[PDB]
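**Q** Take this structure, written in structure tokens, and hold onto it; I'll ask about it next.
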Amino acid sequence: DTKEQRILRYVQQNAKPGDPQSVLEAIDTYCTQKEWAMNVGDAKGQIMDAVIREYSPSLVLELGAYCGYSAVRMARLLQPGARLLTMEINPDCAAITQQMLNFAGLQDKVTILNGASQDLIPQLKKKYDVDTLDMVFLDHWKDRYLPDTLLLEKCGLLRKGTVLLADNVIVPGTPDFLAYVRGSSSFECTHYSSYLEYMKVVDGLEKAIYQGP
Ligand SMILES: O=c1c2cc(-c3ccc(F)cc3)cc(O)c2ncn1CCCCCn1ccc2cnccc21
Ligand SMILES: [Cl-]
Ligand SMILES: [Cl-]
Ligand SMILES: [Mg+2]
């Protein structure tokens, strides 16, 4: 088996079914004690929780699911009837993510979109019935952060106040995205310094609130 399968099995065997917090704790325990993995982790996760609670978004798009950690983290804090769409290019990871969400009891709040962001973003309006997004969590290929932000805008998916929250802006890093949003009058930006998941290595999140054309 794969690392990702091992993580899922550990959750199934050490967390309580239907209890998202127990699922997060199990993942973070496994990844601290047994095998590192690229989940957002608890340090940056606490910042995400604070942001989610501030905005109470109705419709969230996540770019990059992996094993479902961040999807569980966000979905557990959504209000009744609020929804998360999460895009995952790797089909084996899509399947882990769906199983993770199922175990957590969050499957009614979350939809997986299978494919690449550059192919799926232009389908959101017509196939997934999206008007505009309230929040976007970027956690996919670093070279796609900037082009997908620009694509979201082109497709009319951003509104005044849409919150972009980006993982890994320091490590591995997203220099073009950071330079762009920080230099643009169309975004209001804030950097949240933190640590790489499971590691004593500095990383951070960037929040960039869209302000219109
Ligand atoms: O690579 C990383 C990563 C690496 C490290 C990391 C740090 C330090 C290290 F030393 C090593 C790795 C730490 C992290 O937190 C990471 N988070 C996310 N990702 C992106 C994973 C692959 C996304 C593929 N993908 C998923 C949906 C989707 C849609 N369209 C296109 C592509 C798409
Ligand atoms: Cl994650
Ligand atoms: Cl952590
Ligand atoms: Mg990440």
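Naming works like this for the structure tokens: A, B, ... for the chains as they're shown, residue 1 at the start of each chain, ligands 1 onward in shown order.
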Using only C-alpha atoms and all ligand atoms, determine which residues fall within 7 Å of ligand 2, then list them as JSON, numbers by chain.

**A** {"A": [38, 39, 40, 65, 66, 67, 68, 69, 70, 71]}

**Q** Extract, using only C-alpha atoms, all DNA, RNA and protein residues at most 9 Å from segment 116-121 of chain A, discarding same-chain residues fewer than 6 positions from it, and format them as an NGL selection string.

**A** :A and (63-64 or 87-90 or 140 or 144 or 147-148 or 151-152 or 155 or 157)

**Q** Output N, CA and C atoms of each residue in that selection to a file, as a PDB file, in the first residue's frame.

**A**
ATOM      1  N   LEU A  63      -8.634  24.073  -4.043  1.00  0.00           N
ATOM      2  CA  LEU A  63      -7.771  23.536  -5.124  1.00  0.00           C
ATOM      3  C   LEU A  63      -6.689  22.692  -4.473  1.00  0.00           C
ATOM      4  N   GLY A  64      -6.869  21.380  -4.601  1.00  0.00           N
ATOM      5  CA  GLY A  64      -5.972  20.402  -4.007  1.00  0.00           C
ATOM      6  C   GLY A  64      -6.547  19.797  -2.751  1.00  0.00           C
ATOM      7  N   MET A  87     -11.233  20.253  -5.650  1.00  0.00           N
ATOM      8  CA  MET A  87     -10.645  19.737  -6.894  1.00  0.00           C
ATOM      9  C   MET A  87      -9.394  18.911  -6.557  1.00  0.00           C
ATOM     10  N   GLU A  88      -9.333  17.716  -7.138  1.00  0.00           N
ATOM     11  CA  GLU A  88      -8.193  16.840  -6.945  1.00  0.00           C
ATOM     12  C   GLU A  88      -7.875  16.189  -8.302  1.00  0.00           C
ATOM     13  N   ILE A  89      -6.636  16.381  -8.768  1.00  0.00           N
ATOM     14  CA  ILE A  89      -6.191  15.815 -10.024  1.00  0.00           C
ATOM     15  C   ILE A  89      -5.841  14.318  -9.945  1.00  0.00           C
ATOM     16  N   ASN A  90      -5.394  13.831  -8.793  1.00  0.00           N
ATOM     17  CA  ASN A  90      -4.884  12.475  -8.656  1.00  0.00           C
ATOM     18  C   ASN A  90      -6.051  11.588  -8.254  1.00  0.00           C
ATOM     19  N   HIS A 140      -2.635  23.530  -4.321  1.00  0.00           N
ATOM     20  CA  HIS A 140      -2.359  22.646  -5.450  1.00  0.00           C
ATOM     21  C   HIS A 140      -0.982  22.966  -6.029  1.00  0.00           C
ATOM     22  N   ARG A 144       0.360  27.024 -10.438  1.00  0.00           N
ATOM     23  CA  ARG A 144      -1.006  27.277 -10.851  1.00  0.00           C
ATOM     24  C   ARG A 144      -1.654  28.332  -9.972  1.00  0.00           C
ATOM     25  N   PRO A 147      -1.967  31.674 -12.293  1.00  0.00           N
ATOM     26  CA  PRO A 147      -2.877  31.510 -13.439  1.00  0.00           C
ATOM     27  C   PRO A 147      -4.314  31.155 -13.065  1.00  0.00           C
ATOM     28  N   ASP A 148      -4.513  30.346 -11.990  1.00  0.00           N
ATOM     29  CA  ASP A 148      -5.880  30.010 -11.628  1.00  0.00           C
ATOM     30  C   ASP A 148      -6.611  31.199 -10.969  1.00  0.00           C
ATOM     31  N   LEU A 151      -7.744  33.091 -13.931  1.00  0.00           N
ATOM     32  CA  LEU A 151      -8.810  32.346 -14.561  1.00  0.00           C
ATOM     33  C   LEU A 151     -10.123  32.449 -13.805  1.00  0.00           C
ATOM     34  N   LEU A 152     -10.067  32.356 -12.491  1.00  0.00           N
ATOM     35  CA  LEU A 152     -11.257  32.576 -11.668  1.00  0.00           C
ATOM     36  C   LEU A 152     -11.882  33.924 -11.975  1.00  0.00           C
ATOM     37  N   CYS A 155     -13.547  34.040 -15.493  1.00  0.00           N
ATOM     38  CA  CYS A 155     -14.775  33.220 -15.550  1.00  0.00           C
ATOM     39  C   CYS A 155     -15.880  33.826 -14.716  1.00  0.00           C
ATOM     40  N   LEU A 157     -16.104  34.291 -11.432  1.00  0.00           N
ATOM     41  CA  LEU A 157     -16.326  33.531 -10.213  1.00  0.00           C
ATOM     42  C   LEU A 157     -15.994  34.279  -8.918  1.00  0.00           C
TER      43      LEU A 157
END

**Q** Please extract the residues of chain A with a backbone DSSP assignment of alpha helix (DSSP H) and present them as number ranges by chain.

**A** A: 3-14, 20-33, 41-55, 69-75, 91-104, 117-120, 124-127, 145-154, 175-183

**Q** Can you tell me which residues surround residue 72 of chain A at a distance of at most 12 Å, considering only C-alpha atoms, apart from same-chain residues fewer than 4 positions away, and format the answer as a PyMOL selection string?

**A** chain A and resi 18-25+27+39-41+45+48-49+62+65-68+76-78+83-86+97-111

**Q** Write out as a PyMOL selection string each polymer residue whose atoms come within 10 Å of residue 167 of chain A, counting only C-alpha atoms; drop sequence neighbours fewer than 6 positions from it.

**A** chain A and resi 40+44+48+137-140+142+145+173-174+196+203-207

**Q** Using only C-alpha atoms and all ligand atoms, find each residue of chain A with at least one atom at most 6 Å away from an atom of ligand 3; report its shortest atom-to-atom pair and that distance in Å (one decimal), sort the rows by chain and rising residue number, and return the result as CSV.

**A**
residue,atom,partner,partner_atom_place_in_ligand_line,distance
A:41,CA,ligand 3,1 (Cl),4.2
A:42,CA,ligand 3,1 (Cl),4.2
A:43,CA,ligand 3,1 (Cl),4.4
A:197,CA,ligand 3,1 (Cl),4.0
A:198,CA,ligand 3,1 (Cl),4.1
